[PDB]
Amino acid sequence: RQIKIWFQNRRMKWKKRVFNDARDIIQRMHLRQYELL
């Protein structure tokens, strides 16, 4: 279920942001935008 290996490949371009998200939980499960839906 790793469809974010391409659809989520762009932040590694400027390599100066991922480190931000990665600084949460798992640069994913840390979110929850799936809630409310």
# chains A, B, ... in the order shown; residues from 1 in each chain; ligands from 1

call {"tool": "residues_around", "arguments": {"residues": "range 26-33 of chain A", "least_positions_apart": "3", "cutoff": "12 Å", "atoms": "only C-alpha atoms", "output": "PDB file with N, CA and C atoms, in the first residue's frame"}}
result
ATOM      1  N   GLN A   2       1.991   1.160  -0.707  1.00  0.00           N
ATOM      2  CA  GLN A   2       2.918   2.277  -0.796  1.00  0.00           C
ATOM      3  C   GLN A   2       2.737   3.011  -2.125  1.00  0.00           C
ATOM      4  N   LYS A   4       2.399   6.161  -2.125  1.00  0.00           N
ATOM      5  CA  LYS A   4       2.900   7.493  -1.829  1.00  0.00           C
ATOM      6  C   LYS A   4       4.399   7.545  -2.130  1.00  0.00           C
ATOM      7  N   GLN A   8       3.953  10.953  -3.704  1.00  0.00           N
ATOM      8  CA  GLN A   8       4.473  11.729  -2.591  1.00  0.00           C
ATOM      9  C   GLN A   8       5.975  11.969  -2.769  1.00  0.00           C
ATOM     10  N   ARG A  11       8.888  16.589  -2.333  1.00  0.00           N
ATOM     11  CA  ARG A  11       9.487  17.309  -1.222  1.00  0.00           C
ATOM     12  C   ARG A  11      10.979  16.990  -1.126  1.00  0.00           C
ATOM     13  N   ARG A  17      12.218  20.292   3.650  1.00  0.00           N
ATOM     14  CA  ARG A  17      10.866  20.331   4.182  1.00  0.00           C
ATOM     15  C   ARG A  17      10.513  18.994   4.834  1.00  0.00           C
ATOM     16  N   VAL A  18      10.842  17.923   4.127  1.00  0.00           N
ATOM     17  CA  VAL A  18      10.566  16.584   4.623  1.00  0.00           C
ATOM     18  C   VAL A  18      11.026  16.480   6.078  1.00  0.00           C
ATOM     19  N   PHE A  19      12.229  16.979   6.323  1.00  0.00           N
ATOM     20  CA  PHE A  19      12.794  16.948   7.661  1.00  0.00           C
ATOM     21  C   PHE A  19      11.834  17.572   8.677  1.00  0.00           C
ATOM     22  N   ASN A  20      10.931  18.394   8.162  1.00  0.00           N
ATOM     23  CA  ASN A  20       9.955  19.057   9.008  1.00  0.00           C
ATOM     24  C   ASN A  20       8.841  18.071   9.367  1.00  0.00           C
ATOM     25  N   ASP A  21       8.253  17.491   8.332  1.00  0.00           N
ATOM     26  CA  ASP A  21       7.179  16.531   8.523  1.00  0.00           C
ATOM     27  C   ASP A  21       7.732  15.285   9.217  1.00  0.00           C
ATOM     28  N   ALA A  22       8.894  14.851   8.749  1.00  0.00           N
ATOM     29  CA  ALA A  22       9.537  13.678   9.314  1.00  0.00           C
ATOM     30  C   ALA A  22       9.733  13.882  10.817  1.00  0.00           C
ATOM     31  N   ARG A  23       9.682  15.143  11.222  1.00  0.00           N
ATOM     32  CA  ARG A  23       9.852  15.486  12.624  1.00  0.00           C
ATOM     33  C   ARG A  23       8.493  15.531  13.327  1.00  0.00           C
ATOM     34  N   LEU A  36     -13.052  13.170  10.070  1.00  0.00           N
ATOM     35  CA  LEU A  36     -14.194  13.982   9.681  1.00  0.00           C
ATOM     36  C   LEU A  36     -14.819  13.400   8.412  1.00  0.00           C
ATOM     37  N   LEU A  37     -13.954  12.934   7.524  1.00  0.00           N
ATOM     38  CA  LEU A  37     -14.404  12.353   6.272  1.00  0.00           C
ATOM     39  C   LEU A  37     -15.467  11.289   6.562  1.00  0.00           C
TER      40      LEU A  37
END

call {"tool": "select_by_dssp", "arguments": {"residues": "chain A", "states": "alpha helix (DSSP H)", "output": "list in words"}}
result
residues 11, 12, 13, 14, 18, 19, 20 and 21 of chain A

call {"tool": "write_last_selection", "arguments": {"atoms": "C-alpha atoms", "output": "PDB file, in the first residue's frame"}}
result
ATOM      1  CA  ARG A  11       9.487  17.309  -1.222  1.00  0.00           C
ATOM      2  CA  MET A  12      12.737  15.428  -1.694  1.00  0.00           C
ATOM      3  CA  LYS A  13      13.536  17.853  -4.487  1.00  0.00           C
ATOM      4  CA  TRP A  14      14.307  20.897  -2.373  1.00  0.00           C
ATOM      5  CA  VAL A  18      10.566  16.584   4.623  1.00  0.00           C
ATOM      6  CA  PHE A  19      12.794  16.948   7.661  1.00  0.00           C
ATOM      7  CA  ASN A  20       9.955  19.057   9.008  1.00  0.00           C
ATOM      8  CA  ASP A  21       7.179  16.531   8.523  1.00  0.00           C
TER       9      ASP A  21
END
